[PDB]
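Just so you know, all these numbers are worked out from the coordinates, no wet-lab data involved. Positions of Cβ are backbone-derived with ideal geometry, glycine not excepted, and every protein chain shown enters the neighbour counts.
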Number of protein chains: 2
Amino acid sequence: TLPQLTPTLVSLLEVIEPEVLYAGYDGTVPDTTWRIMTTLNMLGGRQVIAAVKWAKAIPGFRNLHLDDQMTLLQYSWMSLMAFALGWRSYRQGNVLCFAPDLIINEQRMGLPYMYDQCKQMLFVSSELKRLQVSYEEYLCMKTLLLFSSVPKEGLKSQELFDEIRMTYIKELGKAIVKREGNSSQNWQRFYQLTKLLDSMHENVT
Amino acid sequence: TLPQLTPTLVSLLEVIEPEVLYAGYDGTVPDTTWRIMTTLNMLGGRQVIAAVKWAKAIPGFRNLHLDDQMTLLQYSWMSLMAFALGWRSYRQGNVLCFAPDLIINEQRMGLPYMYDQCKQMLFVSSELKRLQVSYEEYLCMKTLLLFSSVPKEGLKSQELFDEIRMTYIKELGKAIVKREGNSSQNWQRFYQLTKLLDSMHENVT
Ligand SMILES: CC#C[C@]1(O)CC[C@H]2[C@@H]3CCC4=CC(=O)CCC4=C3[C@@H](c3ccc(N(C)C)cc3)C[C@@]21C
Ligand SMILES: CC#C[C@]1(O)CC[C@H]2[C@@H]3CCC4=CC(=O)CCC4=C3[C@@H](c3ccc(N(C)C)cc3)C[C@@]21C
Ligand SMILES: [Cl-]
Ligand SMILES: [Cl-]
Ligand SMILES: [Cl-]
Ligand SMILES: [Cl-]
């Protein structure tokens, strides 16, 4: 059984949450769309590396065939980064919190080419604010984003994948129960959190 | 009078067309969304620098107040790169020809996250193909895109800007006349090409 320091699967996902990355943005000097995009691209390059590090620490992940591990990251990596982005944003508004030293507030949103590049990602934060998602709900949902990005039958370890996925769904079930207690609305909450997860995989391919 | 080598203002825009930039993309090794986006961001950084050098070579541009020069590039730089992209694509099927060594054909468009990052830019090539735009119409339109990104009333050299802009509008009229000849449909083509320019400035600010 799980040690008392980390007695639930969700508390292991809390242990592997990476430290937030800083963008390296000046902020002493004035903003330009060019400065933001150039810094943002460097930041996204490192967040991809951090997201592969995080996925490889998820309990169960390293037990999939290495082709399955690569396939899952291939089909979910940017969706995972956008989901983390929505959460950070949510926790601070109608802002995009790319990094603590790089927040796209309403003013920066009006810099040229900035809103039209950003608009889509604002969906995520508003849905998390609309559903008042908890930290534990967020950690389960994020792991499931990684595990719901490819059909079981398009993978090599179909059976093991399916079992690990079902474990993470149940852990989400328990984050729901912990937050809002047991009720008839608990299935509704489960429907609206998993539908949210279905949106994040749209427009991947 | 203009020299006989370069007897028209459009033939001066021909002279300042930069040589095409190469992405530096291998293409021996297989494609991934990560490899394309990372290489594309390198290419975009250099294309911005080549777009600033091109604008500083347009007849009239260096005669504006330096604040006016900065403002015009600030409100048009990505629209210009997208417009040049549309034209390269048009000249080369519904592909996005970022560079000769980096073309997003239908296959690469299906790579994860790729179509959704690309879809908007397909508009430009479709309109240029729909209207059968000539190289000379294109060069005039591209300069006008730079000279219509800001109202003159928010500039320091209001009168000079207006005169330079009207010169390039007349140069477009003459590119229109050169191909289609004098017709009742010359004004229709002129509306079509300038409506197209109004789109390219949408979603800037
Ligand atoms: C503003 C803007 C924009 C975008 O071009 C669209 C979605 C962005 C993505 C979301 C997800 C995301 C979350 C972040 O917190 C910062 C970065 C980030 C991005 C950006 C990005 C830039 C470059 C890469 N490379 C090097 C792999 C990865 C991500 C910028 C993206 C693509
Ligand atoms: C796929 C994709 C994508 C995008 O994120 C949306 C529009 C692209 C832009 C168009 C206009 C454009 C035209 C090209 O021919 C290649 C590059 C290019 C881009 C890309 C770009 C990336 C980084 C910068 N920086 C460093 C200044 C500039 C341009 C990628 C853009 C922004
Ligand atoms: Cl700017
Ligand atoms: Cl299996
Ligand atoms: Cl890929
Ligand atoms: Cl003046």
Residue by residue through region B:65-79, the couplings from Karplus 6.51 cos²θ - 1.76 cosθ + 1.60 with θ = phi - 60°, in Hz, x for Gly and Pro, are 3, 4, 5, 5, 4, 4, 4, 5, 5, 4, 9, 9, 4, 7, 4
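Taking neighbour counts of Cβ atoms within 10 Å as a proxy for exposure, in what order, fewest first, do A:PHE61, B:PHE147 appear?
Working: A:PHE61 18, B:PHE147 23.
Final ranking by Cβ density, sparse to dense: A:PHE61, B:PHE147.
Mind running the shape call on the protein assembly as shown? Use the C-alpha gyration tensor, a ≥ b ≥ c as the square roots of the eigenvalues: rounded below 1.5 for a/c, prolate if a/b tops b/c, oblate otherwise. Before the final figure, lay out each step's value.
Numbers: a/c = 2.64, a/b = 2.16, b/c = 1.22.
Prolate is the answer for the protein assembly as shown, as a/c is 1.5 or above and a/b outweighs b/c.
So how do B:24-37, A:19-32 stack up, highest first, on mean other-Cβ count within 10 Å? Please report the intermediate quantities before stating the final value.
Working: B:24-37: 14.0, A:19-32: 12.1.
Highest mean packing first, the order is B:24-37, A:19-32.
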How far, in nm to one decimal, is B:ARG62 from itself in the other copies if the label point is set 7 angstrom along Cα toward Cβ? Shortest first, please. 6.2
May I ask you to sort B:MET200, A:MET70, A:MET81 by Cβ crowding, counting other Cβ atoms within 10 Å and putting the fewest first? A:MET70, A:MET81, B:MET200
Inter-copy distances for B:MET121, label 7 Å out on the Cα-Cβ vector, sorted ascending, nm, one decimal, are 1.8
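Could you tally the net charge around B:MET114, taking each other residue with its Cβ under 15 Å from the Cβ of B:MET114, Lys/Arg +1 and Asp/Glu -1? Write down the numbers at each step before the final one.
Working: positive: B:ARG35, B:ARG108, B:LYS119; negative: A:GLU202, B:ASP31, B:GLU106, B:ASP116.
Taking every other residue near B:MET114 into account, the sum is -1.
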List B:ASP67, A:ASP68, A:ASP162 from most exposed to least, where exposure is judged by having the fewest other Cβ atoms within 10 Å. B:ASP67, A:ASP162, A:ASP68
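If you count, for every residue in A:71-80, the Cβ atoms of partner chains within 10 Å of its Cβ, what is the mean?
Neighbouring Cβ atoms belonging to other protein chains average 3 per residue here.
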If you count, for each residue, the other Cβ atoms within 10 Å and average over each peptide, how do B:183-192, A:43-52 line up from highest to lowest? A:43-52, B:183-192
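Per residue of the protein assembly as shown, what 222 nm ellipticity follows from adding -39500 (n - 2.57) for every DSSP H run with n ≥ 4, rounded to the nearest 500? Each step should come with its number before you reach the end.
Numbers: 20 runs with 247 residues, N = 410.
About -19000 deg cm²/dmol.
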By the gyration tensor of its Cα atoms, with a ≥ b ≥ c the square roots of the eigenvalues, what is the shape of region A:156-205: rounded for a/c under 1.5, prolate for a/b over b/c, or oblate? oblate
Rounded if a/c is under 1.5, else prolate if a/b is larger than b/c, else oblate: which is chain A, with a ≥ b ≥ c the root eigenvalues of its Cα gyration tensor? prolate
For A:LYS152, give me every one of the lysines with a C-alpha distance below 26 angstrom, ignoring sequence neighbours fewer than eight places off in its own chain. A:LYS53, A:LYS56, A:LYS142, A:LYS170, A:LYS174, A:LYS195
